[PDB]
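Chains as they are written, first to last, in PDB author numbering: chain A, 706 to 753; chain B, 769 to 816.
Structure representation (structure tokens):
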């Protein structure tokens, strides 16, 4: 069971990298959305 | 997994708070140095 727990720790490391990948995906999505909104707002302010 | 996510988020928040405190001191000193420049500009404008 300790060896199985070590395999579970490896799977948990894979879960942590999956959590990292989902966090990177959400971070990139929020970052692109905010940067696009900010660029549009800055362009609108510059046009005004 | 959620405790680890919260821990890294809390570490980022602590880094942001430390940056906020140091940046607040930096802006305070920058304003203190900038005020004489504004006074010199006003005196130069009045002389001109």
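Cβ atoms here follow ideal geometry from the backbone N, Cα and C, with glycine treated the same way.
Whole-angstrom distance between residue j and residue i, CA atom to CA atom
i                      : j                      : result
residue 736 of chain A : residue 729 of chain A : 10 Å
residue 797 of chain B : residue 710 of chain A : 54 Å
residue 722 of chain A : residue 809 of chain B : 56 Å
residue 750 of chain A : residue 784 of chain B : 28 Å
residue 748 of chain A : residue 770 of chain B : 39 Å
residue 715 of chain A : residue 802 of chain B : 56 Å
residue 753 of chain A : residue 773 of chain B : 42 Å
residue 788 of chain B : residue 707 of chain A : 45 Å
residue 799 of chain B : residue 811 of chain B : 18 Å
Within chain A, the residues that residue i reaches when beta carbons sit closer than 7 Å
i                      : result
residue 773 of chain B : 724
Contacts that residue i makes with chain B (C-beta to C-beta distance below 8 Å)
i                      : result
residue 721 of chain A : 769 and 772
Proximal residues to residue i (C-beta, below 7 Å), its chain only, five neighbours per side dropped
i                      : result
residue 720 of chain A : none
residue 724 of chain A : none
Touching or not, the segment 792–800 of chain B and the segment 729–745 of chain A, by the rule of three or more beta carbon pairs under 8 Å? No, the segment 792–800 of chain B does not touch the segment 729–745 of chain A.
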